[PDB]
Each structure stands twice: as structure tokens, then as C-alpha cells.
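Q: Next input, structure requested:
(one chain, ligands or ions: 9)
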Amino acid sequence: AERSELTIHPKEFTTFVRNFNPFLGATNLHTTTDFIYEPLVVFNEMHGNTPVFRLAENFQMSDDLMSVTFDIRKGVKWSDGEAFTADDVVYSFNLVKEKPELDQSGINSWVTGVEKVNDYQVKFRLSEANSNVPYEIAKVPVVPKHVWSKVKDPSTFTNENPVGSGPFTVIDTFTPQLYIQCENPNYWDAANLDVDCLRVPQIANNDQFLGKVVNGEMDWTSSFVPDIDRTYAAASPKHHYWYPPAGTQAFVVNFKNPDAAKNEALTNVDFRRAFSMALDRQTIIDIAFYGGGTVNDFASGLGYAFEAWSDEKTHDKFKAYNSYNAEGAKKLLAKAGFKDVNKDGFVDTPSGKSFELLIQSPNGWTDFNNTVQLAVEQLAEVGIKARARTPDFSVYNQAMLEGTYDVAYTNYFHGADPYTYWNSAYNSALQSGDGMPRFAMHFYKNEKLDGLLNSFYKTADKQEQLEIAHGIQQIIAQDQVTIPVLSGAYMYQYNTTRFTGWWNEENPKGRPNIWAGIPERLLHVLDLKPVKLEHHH
Ligand SMILES: CC(=O)N[C@@H]1[C@@H](O)[C@H](O[C@@H]2O[C@H](CO)[C@@H](O)[C@H](O)[C@H]2NC(C)=O)[C@@H](CO)O[C@H]1O
Ligand SMILES: [Ca+2]
Ligand SMILES: [Ca+2]
Ligand SMILES: [Cl-]
Ligand SMILES: [Cl-]
Ligand SMILES: [Mg+2]
Ligand SMILES: [Mg+2]
Ligand SMILES: [Mg+2]
Ligand SMILES: [Mg+2]
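A: Numbering: from 1, shown residues only. Ligands and ions are numbered 1, 2, ... in the order given. Now the structure:
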């Protein structure tokens with residue numbers, strides 16, 4: 001054809017709503033960040049957080065780690081031809097400070113203010129010392145001031161005709177079931193780009209996905225695929241995948257459940273430990289994930305990928321509570337006083353109340369749904385009554401934000417050090433705010449823990465940072481805050497029918513996934529090249 005179209009699948013939808021607002025992660029399309037709004041810097045997390053400079057050409061932190069200046073690349077244009085400058089960066093950060101519902105990461109608690117030094121330099125002032133703040137700053141979308149300052153309420157703005165900095169800003173085709181996002185005519189890095197457009201089909205769940213990917217209809221995906229060698233790999237020599245290791249997955253319990261009986265159970269550490277011992281984590285990996293994961297028996301959730309960081313003494317002390325031990329679970333329930341007093345085989349609370357835990361995972365995330373159903377069965381074998389629900393992701397998510405759920409199975413962000421998981425999963429500041437994600441919504445709060453998290457990057461002292469990690473590990477482990485299950489994978493499938501250049505095990509340039517929130521996907525698409533099709537008629 002006359003243009004190359006790359007078929008991608010970042011996110012499940014039942015119908016596409018035209019929304020390219022990069023601040024509205026709960027309602028926008030998942031090709032907005034990176035592809036329409038390019039970041040200042042992409043940190044290559046798989047390669048030691050190596051900064052890859054994009055719209056900024058440099059940054060420099062102060063010696064006291066209380067401020068940082070970014071240098072903006074000259075000669076970059078917005079897709080409408082106007083210049084990308086410091087003005088746009090300063091506006092974007094002031095916008096998020098003024099409208100904190102647009103803060104999806106917690107940036108506002110780190111950056112007290114921004115200043116334009118000149119047309120191509122921005123200075124950020126910090127609330128506390130933080131050597132990790134350039135990483136945090138890179139998370140914030142930069143939008144064109146000359147457009148957005150004329151918008152009446154950016155927090156409700158759907159941005160249907162976007163002006164962007166990234167490689168793909170033109171909305172070529174848009175229907176409820178398909179849209180096509182084509183090349184920015186003024187793209188600053190055009191000589192590096194060999195893909196003409198992104199083609200985005202509507203896919204609601206893993207079952208619908210399976211049929212399409214096995215039939216060779218996709219190019220770049222990151223979905224769960226069951227029995228992948230037999231179903232997908234075997235269908236074509238052009239069907240490939242690479243699954244580098246990812247983050248923790250866990251059952252999260254609501255410490256503020258409004259039901260008296262359920263609250264009584266979930267806030268009890270003996271109960272959380274018994275729940276944890278009932279689980280057969282390797283069987284969950286084997287059945288629900290077809291072997292694609294590693295047991296996580298760290299009460300702190302750290303997982304085995306951070307051996308240099310782990311306090312082995314703490315891990316070993318609480319490991320027994322995070323290992324399969326059904327008899328141990330029954331004994332602990334008995335010692336704690338969860339006794340069955342109405343002859344149905346299921347333990348009741350110390351106050352004598354019956355209860356059944358409702359465990360949720362998102363609709364269509366079938367690997368997680370199957371994990372929950374296995375756990376329900378395993379819990380029954382120690383006398384804990386539970387049953388599964390698979391609500392739509394938005395309903396699942398909202399139940400966690402509002403604290404109406406009982407237990408949720410979830411994955412987490414994964415980074416180059418343990419802070420990505422521990423901060424996002426446990427910092428109580430992330431339990432409030434209309435832009436917050438689900439990850440900290442157990443509503444367990446510990447002042448000492450927050451203090452340690454907020455000091456993680458405060459000293460430039462490697463040994464002290466390690467001791468802070470050991471402190472965090474001890475607190476979370478001894479309180480068994482969540483029930484960690486496994487460490488998962490960055491699922492990624494690619495097709496060599498129409499494109500080459502893919503990252504893979506022999507070319508492991510970075511995280512290969514197509515999800516929003518993987519900024520490396522920008523770097524990945526800049527490596528892809530179309531293949532000339534085999535002739536036919
Ligand atoms: C940390 C986090 O929330 N990551 C999300 C991804 O898990 C999610 O991808 C979905 O993951 C499910 C669980 O393994 C899979 O069943 C499902 O196939 C997969 N969906 C897609 C479209 O890849 C993505 C997309 O919802 O969002 C990430 O934020
Ligand atoms: Ca290139
Ligand atoms: Ca009972
Ligand atoms: Cl401003
Ligand atoms: Cl631990
Ligand atoms: Mg203003
Ligand atoms: Mg301007
Ligand atoms: Mg080009
Ligand atoms: Mg010390």
C-alpha cells in the first residue's frame with residue numbers, strides 16, 4: 001500500500017469514545033501519552049533507568065537535591081507548526097498544581113513551583129530532597145499552552161482534535177470500533193520514524209483478543225494469551241513473543257470495609273496470614289498463567305528480582321506465612337478464634353458472625369479471573385468462605401477508590417528498584433486524590449512507613465538507602481498488609497509479517513509493551529520498519 005499501518009492494542013474498550021486528554025487516564029484513549037504528547041525524557045527502566053532525551057536535551061539537579069533545571073530542545077514544533085518551548089512545560093505543571101484531579105502520580109507533593117528561566121529552560125523547586133524527581137517530572141504530560149489556555153475547563157476537555165508533539169497526532173479514521181492515528185506532519189524526529197500510522201481496533205476482552213491474534217490480525221500486543229505455544233506461536237512462523245519479568249501481583253484487602261463482620265476478619269493479621277497460607281502460589285502460576293510467573297513468598301511483596309535489596313532475615317522470618325500450608329492455616333484460624341459456630345464448615349468471626357469474602361478482578365482479564373477462582377477453592381479447603389466477582393475495570397477500580405470492596409486481586413507497577421512497587425502500593429498519600437490509581441487503596445496507614453518511603457531518595461548515601469529499604473520491608477512484612485502471590489511477566493506478542501525491527505530476547509532494548517504507562521513504547525515504534533508484502537491477487 002501507500003502507507004504503513006501498525007495494528008496495536010494498548011487497552012480493552014467496548015466502544016471508542018473520542019478523548020485524547022492526556023490527564024484523564026480513566027476516560028481517555030490509550031494512544032494519547034507518548035504518541036501524541038511526547039515526554040521530556042524517557043527513562044529506560046530495563047537498562048538501569050538510563051535517560052533517553054526527547055523534548056528536553058538535558059537536566060541538572062542542585063547539590064542539595066532541592067531543585068532541578070531542564071533544558072528544552074530547540075527547533076521542535078507542535079503538530080500545528082507552533083514552537084515547543086518552556087512556556088508549554090510551565091503551563092502544564094501549573095495546570096496540574098491548580099487542578100490536582102489531573103495529578104495521576106503525586107507530582108504535586110514533590111514540586112512546589114516551576115519557573116521559566118528563558119524560552120528553553122525550566123527550573124523546578126521541590127518540597128523535599130528527591131534525587132528521583134526528574135523521573136517523576138517526566139511522567140507529566142506537556143500540552144500546548146496556546147491551545148489549552150483557551151480551553152474553559154481542561155479537566156473536562158476531551159481534546160478531540162489534538163495538537164501534539166509526538167509522532168502520531170493526526171486522527172485519520174475514527175469509528176466506535178476502529179481508529180487510525182497518523183504521522184505528525186511537523187514531527188521533530190521524523191527522520192527516525194518509518195511507521196506511518198497506528199491502527200487501533202476495539203477489543204473488549206481476552207477471548208475476543210485470542211481469536212484475532214491467532215489469526216495473525218495484530219502486529220503489537222501485550223495481552224494475556226493462554227497456552228501461547230500451542231495456540232498462537234504454532235499458527236504461523238511469523239508469530240513471536242518475548243516475556244521479560246515484571247512486577248508483583250497480590251490479593252489486596254480493604255482495611256476500611258463497611259461491613260462489621262468482614263472488617264473484623266480483614267483487619268486481623270492472623271486472618272490475613274491464614275488466608276495467605278491457604279494459597280498454592282505455584283499451582284496458580286501453573287494453571288492460571290500456564291507457567292508464566294514466579295512465586296512471591298515475600299510478606300513485603302518485594303519478590304525475588306530484588307535480591308541485592310532484600311533483608312534475608314526478614315524474608316525468612318515471615319516466609320512461612322506466605323507458603324502453601326493448609327494445615328497451618330487451619331491451625332492459625334483456630335488459635336486466633338475464627339471458629340465455625342453454625343455448622344456449615346466455614347469459620348466465623350471471633351464475635352460469632354458469618355461472612356463471605358467477595359474477591360474481585362477485572363472483567364476480561366481472564367488470567368486474573370482464573371487466579372481468583374483458584375484462590376476461592378483453596379480458601380474453602382481451610383474453611384474461609386469466599387466467592388468471585390469479575391466487574392468491568394471501571395467498576396473494579398471505583399470500588400477500590402471508594403473503599404466498598406472486600407478483597408481485590410491486582411498487579412502493580414514495577415521498576416528498577418523496590419521503590420516503584422513499595423511507594424505506589426503503600427504510601428498513604430496515594431490513598432486520596434481524584435487522579436489516584438487503585439494500588440494503595442487498602443487504606444492501611446503507617447506514619448513510620450510513609451516517612452521511610454519519603455526518605456528513600458533524600459540522601460545521596462547508598463548504604464542509608466539500603467537500610468531504609470530494610471526498614472520498609474520489615475514494617476510491611478510483620479503486618480502482612482497484603483497477600484503477595486507472584487511476580488508476573490511483561491506479556492508481549494509481535495508479528496513479523498508486516499514489520500521488522502522488534503525488540504526481543506536477542507534485541508532486548510527495553511520494556512517491549514504497548515500499554516499506556518510504558519513510555520519506552522515511543523522508543524520501540526521508532527525502531528520498526530515496514531516489510532514489503534508478498535505479491536498476490
Ligand atoms: C499495572 C497495571 O495495571 N497494568 C495494566 C495491564 O495489566 C493491562 O493489561 C492487561 O493485563 C491483564 C492481566 O494480566 C491481561 O489479562 C490483559 O490481557 C491485558 N490487556 C491488554 C489490553 O494488554 C493494561 C491494559 O488494560 O493496563 C495496564 O495498566
Ligand atoms: Ca528509526
Ligand atoms: Ca460458619
Ligand atoms: Cl503558566
Ligand atoms: Cl519480606
Ligand atoms: Mg494561568
Ligand atoms: Mg507557545
Ligand atoms: Mg520518516
Ligand atoms: Mg540506620
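
Q: Now do the helices in the stretch 401-537 of the chain.
A: Along the stretch 401-537 of the chain, the stretches classed as helices by DSSP state H, counting those that start in this stretch are 419-426, 447-453, 462-479, 520-525.

Q: One more: the stretch 251-400 of the chain?
A: 260-266, 269-278, 281-288, 312-318, 326-336, 366-380, 393-401.

Q: Over to the stretch 101-250 of the chain?
A: Going by DSSP H, counting those that start in this stretch, the stretch 101-250 of the chain shows helices at 133-138, 145-148, 206-214, 228-231.

Q: what about the second one, distance to the chain center?
A: Centroid separation for helix 145-148 versus its chain: 29 Å, with C-alpha atoms, centre = their mean, to the nearest Å.

Q: Go ahead and name everything in contact with it.
A: 80, 82, 87, 88, 90, 91, 92, 95, 154, 157, 163 (C-beta atoms under 8 Å, 6 or more residues apart in numbering). Where C-beta positions appear, they are placed from N, C-alpha and C, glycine not excepted.

Q: How much space separates the third one from residue 117?
A: Here residue 87 is placed at a distance of 12 Å from residue 117 (C-beta to C-beta, to the nearest Å).

Q: Quick one: closest of the helices of the stretch 251-400 of the chain to residue 483.
A: Nearest of the helices of the stretch 251-400 of the chain to residue 483, taken as C-beta to C-beta: helix 269-278 at 4.5 Å.

Q: The closest one and ligand 5, are they touching?
A: No - Helix 269-278 is not in contact with ligand 5 by C-beta under 5 Å from the ion; minimum separation 11.9 Å.

Q: what's around residue 532, how many residues?
A: By other C-beta atoms under 10 Å, 6 other residues sit near residue 532.

Q: do you know how far it is from residue 498?
A: 10 Å.

Q: do the same with residue 321
A: To residue 498, residue 321 is 50 Å away according to C-beta to C-beta.

Q: And for residue 471?
A: 51 Å.

Q: What are the neighbouring residues in contact with the closest residue to residue 183 other than its chain neighbours?
A: Closest residue to residue 183 in three dimensions, ignoring its sequence neighbours and counting by C-beta to C-beta, 6 or more residues apart in numbering: residue 196, at 5.5 Å. By C-beta under 8 Å, 6+ apart, the contact set of residue 196 is 3, 4, 5, 182, 183.

Q: residues in contact with the spatially closest residue to residue 60 that is not a sequence neighbour?
A: Once flanking residues are discounted, residue 60 sits nearest to residue 69: 5.3 Å by C-beta to C-beta, 6+ apart. Residue 69 makes contacts with 59, 60, 117, 121, 122, 123, 124, as judged by C-beta under 8 Å, 6+ apart.

Q: Would you map the strands across the stretch 151-300 of the chain?
A: Along the stretch 151-300 of the chain, the stretches classed as strands by DSSP state E, counting those that start in this stretch are 168-175, 178-183, 197-201, 220-221, 239-241, 245-253, 294-295.

Q: so what secondary structure elements neighbour the last one?
A: To tie it back to what came earlier, the one meant is strand 294-295. Using 3 or more C-beta pairs under 8 Å, 6 or more residues apart in numbering; DSSP states H and E, the elements in contact with strand 294-295 are helix 281-288, strand 483-489.

Q: still on that earlier bit, the helices of the stretch 401-537 of the chain: which one's closest to residue 432?
A: Nearest to residue 432 among the helices of the stretch 401-537 of the chain is helix 447-453 (12.5 Å), distances taken as C-beta to C-beta.

Q: Next, the buried residues of the closest one.
A: By neighbour count on 16 or more other C-beta atoms under 10 Å, the buried set for helix 447-453 is 449, 450, 452, 453.

Q: Identify the farthest-apart pair in those.
A: Across those, no pair lies farther apart than 450 and 452, at 7.4 Å, counting by C-beta to C-beta.

Q: Got the domain ranges for this protein?
A: Residue ranges for each domain of the chain read 1-37+145-243+490-537, 38-144, 244-489, as given by curated CATH domains.

Q: how about these in a markdown table, adding distance to ligand 2?
A: Listed next are the domains of the chain as a markdown table, based on distance: least, C-beta to the ion, whole Å:
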| stretch | distance to ligand 2 |
| --- | --- |
| domain 1-37+145-243+490-537 | 4 |
| domain 38-144 | 13 |
| domain 244-489 | 22 |
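
Q: Of all those domains, which one is nearest ligand 4?
A: When the domains of the chain are compared by C-beta to the ion, domain 38-144 sits nearest ligand 4, at 4.1 Å.

Q: does any bit of the closest one sit next to ligand 1?
A: No - using C-beta under 6 Å from any ligand atom, domain 38-144 stays clear of ligand 1, coming no nearer than 11.7 Å.

Q: Quick one: end-to-end distance for that domain.
A: The first residue of domain 38-144 is 12 Å away from its last residue (C-alpha to C-alpha, to the nearest Å).

Q: Residue 479 and residue 452, how far apart?
A: Distance from residue 479 to residue 452, by C-beta to C-beta: 14 Å.

Q: residues in contact with residue 161?
A: Residues in contact with residue 161, defined by C-beta under 8 Å, 6+ apart, are residue 171.
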